[PDB]
Amino acid sequence: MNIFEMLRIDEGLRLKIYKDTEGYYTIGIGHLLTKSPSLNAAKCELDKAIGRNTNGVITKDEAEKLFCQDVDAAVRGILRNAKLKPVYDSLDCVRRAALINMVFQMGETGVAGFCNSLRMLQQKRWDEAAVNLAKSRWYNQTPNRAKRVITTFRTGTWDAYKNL
């Protein structure tokens with residue numbers, strides 16, 4: 001299991017524009033196109049992202065290319081963030097993937113504000129961090145995904161992604 005396979009499980013793969021869990025136009029492996037309610041706006045974003053007139057449909061290769069970029073962008077933003085970089089650097093490879101997953105879903109700013117959960121992760125108080133991370137809108141709105149990510153932080157294993 002790795003960050004690509006983990007996010008592929010959590011995000012799915014769809015080749016036509018769809019609405020994500022928040023109602024926002026998305027395509028591929030959770031590639032957010034826009035928060036605009038305008039499907040036309042989402043279509044401009046998509047053609048710009050792919051570099052051709054897509055008419056709202058892409059190929060699997062194209063979806064995987066956006067995913068390559070999106071995972072990289074999540075890591076790059078962690079490394080540029082004064083709150084997230086020390087946490088990321090303190091973590092092992094598996095728990096780093098859990099942090100990347102959170103940032104992919106909610107963005108760098110949101111995750112960076114969880115000052116108590118981040119501290120507990122930095123302190124390697126894994127059960128405490130897991131309890132604290134569940135006190136969140138994130139956990140309540142996407143509990144099955146959050147439980148998997150939290151188990152990854154708690155255990156440092158991929159156990160929550162086995163059988164999926």
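Based on the Cβ-Cβ distance from residue 22 to residue 68, what FRET efficiency comes out when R0 is 22 Å, to the nearest 0.05?
0.45
How high is the relative contact order of the stretch 3-161, given as a whole-number percent (alpha carbon pairs under 8 Å, six or more residues apart)?
Over the stretch 3-161, the number comes to 16 percent.
Treating only the Cβ atoms of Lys and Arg (+1) and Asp and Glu (-1) as charged, compute the dipole magnitude of the chain about its Cα centre; round to the nearest 20 debye.
300 debye
Of 35/147; 35/65; 16/65; 16/162; 85/124; 85/135, which ones are farther than 19 Å apart at the Cα?
From the list (35/147; 35/65; 16/65; 16/162; 85/124; 85/135), the Cα-Cα distance tops 19 Å for 35/147; 35/65; 16/162; 85/135.
Give a quick list of GluC sites (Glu not before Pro) in the stretch 1-94 that DSSP marks as loop, anything other than H, G, I, E or B, with at most 13 other Cβ atoms within 10 Å.
Taking the stretch 1-94 and a limit of 13 other Cβ atoms within 10 Å, the loop GluC sites (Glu not before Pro) found are 22.
For 50, 29, what's the fewest-to-most ordering of other Cβ within 10 Å of each Cβ?
Listing 50, 29 from fewest to most nearby Cβ atoms yields 50, 29.
Using +1 at the Cβ of each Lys and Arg and -1 at the Cβ of each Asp and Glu in the stretch 3-161, identify which of 26, 138, 15 lies farthest towards the dipole's positive end.
Toward the positive end, the furthest listed residue is 138.
Given the convex hull over the Cα atoms of the stretch 3-161, what projected area results after averaging over all orientations, in nm²?
8.8 nm²
Compute the long axis of helix 60-80 from its Cα atoms, compare it with the longest principal axis of the Cα atoms of the chain, and write down the angle in degrees, 0 to 90, nearest 10.
With both axes taken from Cα atoms, the answer is about 40 degrees.
Could you let me know the centre-to-centre spacing of the stretch 7-44 and the stretch 106-154, using Cα atoms, in angstrom?
24 Å
For residue 44 and residue 76, what is the calculated FRET efficiency with R₀ set at 22 Å and r taken between the beta-carbons, to the nearest 0.05?
E(calc), rounded to 0.05, equals 0.35.
Name the residue farthest towards the positive end of the dipole of the chain from the options 69, 107, 55, assuming +1 on Cβ of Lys and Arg, -1 on Cβ of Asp and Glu, about the Cα centre.
The listed residue farthest towards the positive side: 107.
Once you place label points 7 Å from the Cα toward the Cβ at residue 123 and residue 55, how far apart are they in nm?
About 5.8 nm, to one decimal.
As I understand it, the value is the acute angle between the Cα axis of helix 93-106 and the longest principal axis of the Cα atoms of the chain; what does it come to in degrees, rounded to 10?
The two axes meet at around 50 degrees.
Pop the C-beta distance of residue 5 and residue 34 into the FRET formula with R0 = 41 Å and round what comes out to the nearest 0.05.
For residue 5 and residue 34, the calculated efficiency is 0.90.
Bear in mind that the values in this text are calculations on the coordinates, not laboratory data. Ideal geometry is used to build each Cβ from the backbone, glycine not excepted, and the neighbour counts take in all protein chains shown.
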